[PDB]
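The structure appears right after this line, and notes come after that.
Letters go in sequence order (proteins before strands), and every chain restarts at 1. Counting starts at 1 for both ligands and their atoms, in listed order. Basis for what follows: all heavy atoms, side chains included, without hydrogens, waters or symmetry-related copies.
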Amino acid sequence: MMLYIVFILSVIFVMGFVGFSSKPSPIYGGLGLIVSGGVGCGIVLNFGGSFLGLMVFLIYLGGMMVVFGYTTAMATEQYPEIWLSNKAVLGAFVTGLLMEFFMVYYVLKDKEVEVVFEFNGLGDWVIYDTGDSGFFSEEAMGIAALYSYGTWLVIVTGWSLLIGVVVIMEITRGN
Amino acid sequence: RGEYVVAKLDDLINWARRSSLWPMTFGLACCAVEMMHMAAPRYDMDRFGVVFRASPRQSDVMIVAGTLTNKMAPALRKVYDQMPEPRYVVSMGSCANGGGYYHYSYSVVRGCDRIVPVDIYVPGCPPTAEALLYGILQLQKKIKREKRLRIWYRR
Amino acid sequence: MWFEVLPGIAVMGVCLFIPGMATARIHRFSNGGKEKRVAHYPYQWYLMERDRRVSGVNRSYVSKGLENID
Amino acid sequence: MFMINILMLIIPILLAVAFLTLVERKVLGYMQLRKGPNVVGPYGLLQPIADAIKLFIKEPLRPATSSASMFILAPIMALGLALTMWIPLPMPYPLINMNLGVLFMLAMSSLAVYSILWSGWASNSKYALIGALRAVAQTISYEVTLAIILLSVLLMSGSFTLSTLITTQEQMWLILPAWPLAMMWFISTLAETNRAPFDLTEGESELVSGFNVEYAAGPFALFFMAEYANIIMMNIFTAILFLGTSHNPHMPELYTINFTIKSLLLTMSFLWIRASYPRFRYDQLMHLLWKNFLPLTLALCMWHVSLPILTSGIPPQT
Amino acid sequence: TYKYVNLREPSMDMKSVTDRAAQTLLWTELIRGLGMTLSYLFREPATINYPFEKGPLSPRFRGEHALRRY
Amino acid sequence: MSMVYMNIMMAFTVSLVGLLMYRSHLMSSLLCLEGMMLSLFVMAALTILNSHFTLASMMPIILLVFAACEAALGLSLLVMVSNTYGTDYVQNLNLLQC
Amino acid sequence: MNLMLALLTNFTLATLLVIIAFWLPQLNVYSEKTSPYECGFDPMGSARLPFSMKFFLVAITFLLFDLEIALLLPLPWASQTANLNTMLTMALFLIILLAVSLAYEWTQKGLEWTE
Amino acid sequence: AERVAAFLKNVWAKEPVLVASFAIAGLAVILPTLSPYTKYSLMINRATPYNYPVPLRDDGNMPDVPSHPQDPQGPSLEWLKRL
Ligand SMILES: COC1=C(OC)C(=O)C(C/C=C(\C)CC/C=C(/C)CC/C=C(/C)CC/C=C(/C)CC/C=C(/C)CC/C=C(/C)CC/C=C(/C)CC/C=C(/C)CC/C=C(\C)CCC=C(C)C)=C(C)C1=O
Ligand SMILES: CCCCCCCCCCCCCCCCCC(=O)OC[C@H](COP(=O)(O)OCCN)OC(=O)CCCCCCCCCCCCCCCCC
Ligand SMILES: CCCCCCCCCCCCCCCCCC(=O)OC[C@H](COP(=O)(O)OCCN)OC(=O)CCCCCCCCCCCCCCCCC
Ligand code: SF4
């Protein structure tokens, strides 16, 4: 049912994580993180944040494109490993999906599960707000306050990105 | 009737293949200069649907334009092999036909037909740009008379 | 001559014209001859879901004027 | 009636792409003192139909050294994402009316890059690999400039909605107030579409065929279809951004005719350019956009943040 | 006798520097390249309609061999 | 604590366990750090968007800004490791003994 | 619903075209046909060998600048605030620091590809 | 004034893109501090009614608060209709 779209996207979100957490060739690990970024954008986008969902997808699409170039230069071998070529990779991949299956199986059967925290399986739609906003997007108004309210945040992040460029040149200088 | 249908389908695929011939960008010797003039404005092979493409995996025709030497022969067979079918070979010039001026050389293959199958032989040294274009239009007529589906229909 | 290039542009132009025309006409057909209601913000969506209830036929594009008040 | 709307979008798109190949070959032909296709059909009108059939009845091969799942996923991803970048385009009414349509197209254009990287890598060929890593360099070159060029224009429109760009240009095209930004935007769509003089991922005379050297038959056609659907789309985007068309709600067809003509002319300029200029070295493309466009784009971004404030011309949020 | 092909010193007066600045920023010499290919688009192509038309030859042309009679 | 929070919190645990169990490639571990940041971004965005905490809506963006700095910093170190040994294997990083 | 159905149709059409490509044509597969392409001669080594990136430093810098678009894209909404003096100050400060980063790398030969 | 003019001409001859960049950016920082219209941008943003204007309970001692929307009291947008 489409009422569980958020839950169905979060299952793919975990499956993508098991994709790169099992650590095959970073080429295939990068693909797994793109799938998680794509569905993660979908999950966030269904809670009312379209800018946040599209932005994280946009940032991670460029992030894994640099990682792809770095994988062909410094993280490549003759036979890049897939989720089936190695027992250690395959073992961790099957284990991740089985735990995902059991958690999904129990939450949809009992409507509850207790692991550190107590989770509810009624559906994500039961916690949404029943009132409408006005003529604006609340997420957009909060993000636009960074420049009027977040003067201190803009300075530290701005300085951090500046020093970030200085640092990477220093680290990679080699002399 | 089933024979009528396969006849019309055969006319359709035969038409599509002869109207969209893509020669491989492959020339060896002087004969490739005359092949350039067939792409030049006067003859404009592109207007017949004949477009060069460099990758053997996107080519339908190989034009062996020039001399084939023993050193190059393995390379020719490789690029011919890497052509998805259906694939046709056109042999252009005396060298590619039977060795030409260099028939009796220690280092020349006496005809490209010793290495690959050949569909059309274009004579000359070099054939004029208009003589190569005759061979291409003669190849198209050869494709127009194929009976792939009709032969399948009565197997 | 160069004007022999025009027939290929006319066919291409007709193909680019259809998507815009089809969407414009399909929207009219699906909203009772009006533009499809644009709801970019919750206030507009709130009014569209109120139109469904007022229409009495579960359609937001069925308008009810002063004939429905008395 | 929504499924009919989808089909009335993708099918005409695939037909326009088919005849853009004819139009490019004839326009390149006449700029080269020749004719181009005129035999297969009257004036070559059946040439695209002959090419489509030829490619899809030809043998496709999976190279012995290829990674099959990624080798076949790449062409599917390319065409699936080239058709997905048309759904928010107002012509004048979008199929999918998005509040952040400009962001959506940016996100999809960054995801469509991987149809090149995975295509080239999965082929397990040296020329496909060299082609794939040229797409990494190309994306690093234009991505920052492209996004900030859009931002500068949107500071005069006031929203990320594509349909709002129609209202912004109701009195005047944005080419006038933003001609410096329109120049850089146009060059960045050439780089983003891998078009000459920035056709480096393929680079015929250098890499034979680049990232798709190992592709044959139908799978190759999907990459070609995706390539040509993108250039039309990136020029429809340009016409909406800088050459706004008047929208009369009672004559929505007049918008489409006028908007279609501008898109055709911008698309013709892509073919006009491919016939006129040599090819950049892909390290010279990086320096073009980081040392020339980025310094200017950053300056113009500051200028367009301040200009609305100091003139009292900040656009409405909605 | 010889000539230099690329031994020239550009002018440094403010009007010449500005002219080169306009060329760099406004792509004047690239726009000029566009104008040359636009001219060809409106010229008659040099293509002949083979096989209905044939490229000119001469009586000295060396084609297929033949044995003659008296 | 809806059923979505379970999967998001499980994603973080998977990426954490993935980061703490190296195979060979330093690049494979860098992906797990970027995976963990993605989970935290999603989990924070969900909580903030659901509670209508308007001003907090910028926090997830500030979380991505400093995730890139770390990711860039990790890549810069990976360049120097590769330049010294020709690979990004972590078993070569053993000259220093505890 | 509409967006999801539009995506399913685009990738279903893309998939069906690929399926037809592999099942309609006549195939004749043999070893030499599917060997890797290297202009006619056998490749000398594996395509999976390391491929040096000469623009690695510029690629790292792309990660940092690509995060400025996330911080800069909210500007159209930021201009709607009543605190324009503060908003315009921090908008220009943020863009300027982005420019100083470019100037530093440019002057320190950071944008030049390694030999 | 002679040596400085040499610097400007030299950069204008070798980095015309950068000369335009710094000139454009300089105007972005300077003009807002000088334009008389900058104050109206603040007023227009403050005059846009996103929220509902919640009424004030009338205790009988609020002479500057209107009782009806069309009363003379309260802020006026006459300036905006002419700006
Ligand atoms: C002199 O010394 C020597 C050399 O030195 C030069 C040499 O070199 C050589 C070696 C020689 C050779 C290798 C051969 C040389 C021969 C030549 C002809 C080269 C000379 C110069 C040229 C300029 C020739 C042609 C090259 C170019 C660049 C011309 C440009 C025009 C073109 C038409 C090329 C392609 C252009 C376009 C616009 C695309 C057309 C491409 C297609 C594949 C067709 C369309 C594509 C499709 C996929 C089909 C469309 C429809 C689809 C996909 C379906 C859509 C619809 C649906 C319903 C689905 C030798 C021996 C030599 O001695
Ligand atoms: C007159 C046209 C007005 C309309 C133009 C509008 C476009 C403005 C952008 C283009 C720049 C032109 C404006 C600059 C002044 C030009 C007039 C001028 O400089 O005076 C002429 C005089 C004659 O030059 P001359 O003596 O032969 O040799 C130079 C020796 N210094 O030269 C001199 O000797 C005076 C000293 C010259 C050096 C001054 C510094 C010039 C370079 C600074 C950058 C100018 C561009 C800045 C704007 C960039 C954005 C476009
Ligand atoms: C109030 C807030 C606004 C102010 C913000 C404060 C920060 C301003 C700077 C932000 C932009 C960062 C870049 C600034 C440094 C400029 C770039 C640089 O470092 O140049 C160094 C340059 C190196 O080049 P080199 O190899 O030595 O060869 C040429 C030698 N002449 O060596 C050189 O020769 C350079 C010579 C000096 C260049 C001076 C550049 C000044 C730039 C600011 C001018 C702005 C005003 C101009 C516009 C006026 C208004 C129209
Ligand atoms: S056949 Fe004649 S023109 Fe052709 S390669 Fe041989 S010698 Fe040269």
Side-chain angles (χ1 to χ4, degrees), chain B residues 20 22-40 45-46 49-54 58 63 65-68 92-97 99-102 108 122-127, chain D residues 11 13-29 32 34 36-37 47-56 79 204-205 218 220-229 271 274-275 295 298-299 302, chain G residues 13 17 89 92-93 96-104 106-107 109, chain H residues 7 10-11 14-15 18-19 21-31 33:
Chain B
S20 191
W22 292 358
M24 194 197 306
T25 303
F26 180 90
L28 298 172
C30 355
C31 271
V33 171
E34 273 292 358
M35 191 166 65
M36 288 173 192
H37 285 251
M38 193 187 69
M45 64 180 249
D46 176 53
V50 188
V51 182
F52 278 108
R53 287 200 69 87
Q58 307 160 359
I63 306 167
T67 316
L68 186 64
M92 187 197 181
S94 299
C95 292
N97 296 1
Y101 207 174
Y102 316 84
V108 178
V122 185
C125 193
Chain D
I11 286 169
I13 286 162
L14 294 182
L15 290 173
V17 168
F19 285 93
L20 176 54
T21 61
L22 174 70
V23 171
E24 183 171 10
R25 293 170 66 177
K26 291 204 74 68
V27 163
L28 284 185
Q32 294 165 354
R34 58 190 178 86
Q47 192 71 76
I49 297 158
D51 300 334
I53 295 164
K54 185 278 299 296
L55 282 169
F56 278 97
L79 180 57
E204 188 271 3
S205 61
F220 169 68
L222 272 61
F223 278 115
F224 202 96
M225 292 157 61
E227 211 292 333
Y228 275 67
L271 323 182
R274 198 229 254 200
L298 290 171
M302 304 162 60
Chain G
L13 174 57
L17 288 175
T89 300
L92 297 176
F93 168 91
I96 281 167
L97 251 59
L98 173 52
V100 174
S101 309
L102 179 62
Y104 181 83
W106 185 341
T107 57
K109 304 296 179 296
Chain H
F7 174 84
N10 176 78
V11 295
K14 303 197 298 186
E15 305 295 337
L18 295 179
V19 171
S21 304
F22 284 96
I24 289 166
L27 293 180
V29 175
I30 294 168
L31 298 190
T33 68

Can you confirm whether some protein heavy atom lies under 4.0 Å from [atom], or whether none does?
atom                    : result
atom 38 (C) of ligand 1 : yes
atom 58 (C) of ligand 1 : no
atom 23 (C) of ligand 1 : no
atom 27 (C) of ligand 1 : no

Please list the nearest protein heavy atom to [atom] with its residue and the distance rounded to 0.1 Å.
atom                    : answer
atom 8 (Fe) of ligand 4 : B/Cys30 SG, 2.3 Å
atom 40 (C) of ligand 1 : D/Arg25 CD, 3.9 Å
atom 6 (C) of ligand 3  : G/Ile96 CG2, 4.9 Å

>> With heavy-atom distances below 4.0 Å as the criterion, list the atoms of ligand 4 near B/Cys31.
In response: 1 (S), 3 (S), 4 (Fe), 5 (S)
> Would one find an N, O or S atom of B/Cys95, in either backbone or side chain, under 2.8 Å from atom 6 (Fe) of ligand 4?
Replying inline: yes
> With a cut-off of 2.8 Å, does any N, O or S atom of B/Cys125 fall short of it relative to atom 8 (Fe) of ligand 4?
Replying inline: no
>> As an exercise, identify every atom of ligand 1 less than 4.0 angstrom from a heavy atom of B/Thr25.
In response: 13 (C)
> Which atoms of ligand 1 have any heavy atom of B/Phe26 under 4.0 Å away?
Replying inline: 13 (C)
> When you measure from atom 44 (C) of ligand 1 to each heavy atom in D/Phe220, D/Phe56, B/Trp22, which option holds the nearest one?
Replying inline: B/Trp22
> Should one rank D/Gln47, D/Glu24, D/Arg34 by closest heavy-atom distance to atom 31 (C) of ligand 1, which comes out on top?
Replying inline: D/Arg34
> Does ligand 4 have any atom that is closer than 4.0 Å to a heavy atom of B/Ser94?
Replying inline: yes
>> With side-chain contact (heavy atoms from CB on, under 4.5 Å) as the criterion, how do B/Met35 and B/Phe52 come out once you've worked through the C-alpha distance, each side chain's angles and the decisive distance to 0.1 Å?
In response: CA-CA 11 Å; B/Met35 191 166 65; B/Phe52 278 108; 3.8 Å; yes
>> Test of understanding: given a 4.0 Å heavy-atom threshold, classify the contact between D/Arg274 and ligand 1 as side chain, backbone, both, or neither.
In response: side chain
